[PDB]
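Below is one structure; the comments refer to it alone.
Please treat every number below as a calculation from the coordinates, not as lab data. Here the Cβ positions follow ideal geometry from the backbone for every residue, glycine too, while neighbour counts run over all protein chains shown.
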Amino acid sequence: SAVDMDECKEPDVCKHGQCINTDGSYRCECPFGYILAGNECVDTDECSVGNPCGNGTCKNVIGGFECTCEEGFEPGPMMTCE
Ligand SMILES: [Ca+2]
Ligand SMILES: [Ca+2]
C-alpha cells in the first residue's frame, strides 16, 4: 500500500520518544525529562545538575530523578525534597 515509512518507529531511530511521521522524514522529539542520543530516546541524568532534594543528594530516575535528603526526611518519586 506504501505505508509511509514511520522512520521513528524503527529500532534504530527514535525508540522510546515522541516522533512525528512526516512525508519522507521524521523528528525524534523526546518528552520533558528525556533526551536523544543521536536517535535512541531515553531519560537524562537530572541529578547531574544539583541535589534536587535541596540538601541531601541527587539521583537519576525516569521522568525526573531521585534524591535522599539528610536521612530523617521524606522525599518523593521524581519531584524534590519535602
Ligand atoms: Ca514518514
Ligand atoms: Ca532523570
Subset of segment 7-26 (residues that are surrounded by 15 or more Cβ atoms within 10 Å (Cβ to Cβ) and near ligand 1 (Cβ under 10 Å from one of its atoms)) = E7, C8, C19, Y26
For segment 29-53, pairs from a residue that is without any contact (Cβ under 8 Å) to a residue 60 or more places away in the chain to a residue that is among the aromatic types (F, W, Y) and near ligand 2 (Cβ under 10 Å from one of its atoms), with Cβ under 7 Å and 6 or more apart or across chains, are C41/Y34; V42/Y34; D43/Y34; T44/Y34; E46/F65; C47/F65; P52/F65
Considering residues that are of a type in the set (V, I, T) and either touching a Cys at 6+ places or on another chain (Cβ under 6 Å) or within 30 Å of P11 (Cβ to Cβ) (or both), the number found within segment 23-82 is 5
